[PDB]
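Undergrad: Quick one: the structure is below, questions incoming.
Please treat every number below as a calculation from the coordinates, not as lab data. So basically every Cβ, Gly included, is an ideal-geometry build from the backbone, and we count neighbours across all protein chains shown.
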Amino acid sequence: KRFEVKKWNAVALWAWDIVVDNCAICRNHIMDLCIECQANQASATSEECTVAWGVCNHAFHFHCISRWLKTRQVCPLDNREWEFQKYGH
Amino acid sequence: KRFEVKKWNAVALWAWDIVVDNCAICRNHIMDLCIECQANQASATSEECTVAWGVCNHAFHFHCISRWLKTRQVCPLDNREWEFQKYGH
Amino acid sequence: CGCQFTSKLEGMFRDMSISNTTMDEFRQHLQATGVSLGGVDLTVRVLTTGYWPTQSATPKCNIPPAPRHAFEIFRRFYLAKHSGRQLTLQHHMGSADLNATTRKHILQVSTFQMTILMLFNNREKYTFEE
Amino acid sequence: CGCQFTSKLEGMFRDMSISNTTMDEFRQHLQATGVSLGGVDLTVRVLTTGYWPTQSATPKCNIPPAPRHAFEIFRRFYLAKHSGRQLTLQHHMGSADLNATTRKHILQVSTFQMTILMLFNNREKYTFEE
Ligand SMILES: [Zn+2]
Ligand SMILES: [Zn+2]
Ligand SMILES: [Zn+2]
Ligand SMILES: [Zn+2]
Ligand SMILES: [Zn+2]
Ligand SMILES: [Zn+2]
């Protein structure tokens with residue numbers, strides 16, 4: 001051949017049990033809003049009801065984990081204390 | 001075809017860092033006797049100098065592992081108490 | 001008798017239930033992969049030599065094409081996410097379900113007649129020399 | 001500024017050194033297996049989305065035989081651990097060294113010209129439509 005690849009340096013991202021398509025706290029969907037907001041609108045305040053991303057790559061509705069921090073505080077899918085780093089998606 | 005395999009149920013055995021061909025305590029070989037025995041015979045009492053198998057699936061010479069157990073029993077490779085479960089090979 | 005061999009007994013039983021969890025885990029991993037028509041239905045288990053001794057010699061006989069692909073997939077999976085584990089090749093253990101074909105009656109082979117029947121499928125009219 | 005963003009900073013740096021250890025780990029894994037021939041010299045870094053944002057859209061365009069086989073091997077390895085969750089499909093990151101061939105001058109492609117150059121290698125005289 002005329003051009004042959006010798007080296008490569010991809011960077012491979014990874015996701016834990018985020019289950020893209022369901023939230024582990026309320027079980028609704030990665031979208032479709034949450035149990036507290038029910039319908040997509042239903043007073044969602046300019047769609048502020050967004051997804052929250054932990055340091056352990058676990059994704060829930062911001063609302064569903066926020067309310068889980070008024071009772072527990074250690075991320076239900078492992079044991080890590082859980083942080084509030086990345087947001088949205 | 002006339003016969004087609006649908007199901008299979010192999011059982012797959014596994015070995016840790018036994019390194020079939022070397023002992024991690026004395027570094028001689030899986031055979032070739034140990035550092036406390038040197039030559040194959042050299043008074044090996046009817047070849048009683050055999051291989052010891054741990055629960056952690058590690059394999060070193062009997063004499064070598066005896067000295068390690070005499071001091072601290074934590075396995076030179078991983079961190080298991082090491083039991084005389086299996087023997088020989 | 002007391003707690004002296006009952007310990008190895010717990011060892012074996014634990015091996016068993018843990019290999020059942022490992023079977024569910026491999027089902028997941030073969031749903032993500034398993035592109036070959038060799039992993040149609042697989043039931044690979046994982047035991048330790050520290051509890052399960054060698055039967056006679058742990059031989060290295062030729063495996064059959066579809067079992068060959070299944071064993072290759074299982075070994076590739078095991079030689080990766082496992083903690084320095086070495087998938088061993090053994091024929092003196094396990095079973096299988098040979099789907100034969102007036103109806104489609106499924107036979108059973110205990111990891112011993114798979115190679116001979118596969119050689120017959122490749123070409124019939126064989127003998128002991130073949 | 002204080003310890004409030006410097007925490008995410010440590011996050012990133014840790015990601016970096018840990019992915020360097022992961023590169024050495026995968027080198028030994030490729031020496032033990034390395035089925036896909038396309039997967040040769042690989043500097044796969046395992047970073048967390050919890051620190052590294054998505055560049056624009058995380059694309060999944062045609063992967064080139066060498067980097068395609070390479071991406072397939074990497075995804076199979078990454079899913080051997082997290083059943084299902086494989087290497088995220090992306091092309092907006094990384095680089096490569098394209099060995100061209102009067103001498104053999106090695107070029108460089110930043111994961112963007114690999115697919116077009118591979119399509120040219122398969123068949124030259126292409127255009128925007130192709
Ligand atoms: Zn939710
Ligand atoms: Zn909500
Ligand atoms: Zn988590
Ligand atoms: Zn020794
Ligand atoms: Zn000795
Ligand atoms: Zn050990």
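Undergrad: With the structure loaded, tell me whether C:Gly39 is more than 14 Å from chain D (Cβ to nearest Cβ), closer than 30 Å to D:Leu79 by Cα and either part of a loop (DSSP other than H, G, I, E, B) or hydrophobic (A, V, I, L, M, F, W, C) (or both) or whether it fails that test.
TA: Considered against the rule, which asks whether it is more than 14 Å from chain D (Cβ to nearest Cβ), closer than 30 Å to D:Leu79 by Cα and either part of a loop (DSSP other than H, G, I, E, B) or hydrophobic (A, V, I, L, M, F, W, C) (or both), C:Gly39 comes out as no.
Undergrad: Report, by residue number, each residue of region C:81-130 that is in a helix (DSSP H, G or I), under 30 Å from B:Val20 (Cβ atoms) and facing another protein chain (nearest Cβ under 9 Å).
TA: C:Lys81, C:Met114, C:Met118
Undergrad: Taking only region B:34-64 into account, find how many residues are closer than 19 Å to B:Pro76 by Cα, assigned to a loop (DSSP other than H, G, I, E, B) and out of contact with any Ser or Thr (no Cβ under 6 Å at 6 or more places or on another chain).
TA: Selection size over region B:34-64: 8.
Undergrad: Tell me yes or no: at least one residue of region A:6-15 is under 30 Å from D:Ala66 (Cα atoms), of a type outside the set (A, V, I, L, M, F, W, C), away from ligand 2 (no atom under 16 Å from the Cβ) and not in a strand (DSSP E or B).
TA: Yes: one or more hits.
Undergrad: Search region B:25-49 for residues that are polar (S, T, N, Q) and pair each with any residue that is within 9 Å of ligand 4 (Cβ to nearest atom) when their beta-carbon atoms are under 6 Å apart and the residues are at least 6 apart or on different chains.
TA: Sorted first by the residue in region B:25-49, then by its partner, the pairs are B:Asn28/B:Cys34; B:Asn40/B:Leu33.
Undergrad: So in region B:37-83, with the set limited to residues that are of a type in the set (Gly, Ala, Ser) and away from chain C (no Cβ under 14 Å), which one is farthest from ligand 4 (Cβ to nearest atom)?
TA: B:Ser46
Undergrad: Sticking with this structure for a sec: If you go through region B:1-23, how many residues are within 12 Å of chain C (Cβ to nearest Cβ) and closer than 26 Å to C:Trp52 by Cα?
TA: Qualifying residue count for the region: 14.
Undergrad: Among the residues that make up region D:55-66, is at least one of them buried (at least 17 other Cβ atoms within 10 Å of the Cβ) and in contact with a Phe, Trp or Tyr (Cβ under 8 Å, 6 or more places away or on another chain)?
TA: Checked against the condition, which is being buried (at least 17 other Cβ atoms within 10 Å of the Cβ) and in contact with a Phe, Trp or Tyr (Cβ under 8 Å, 6 or more places away or on another chain), region D:55-66 yields at least one hit.
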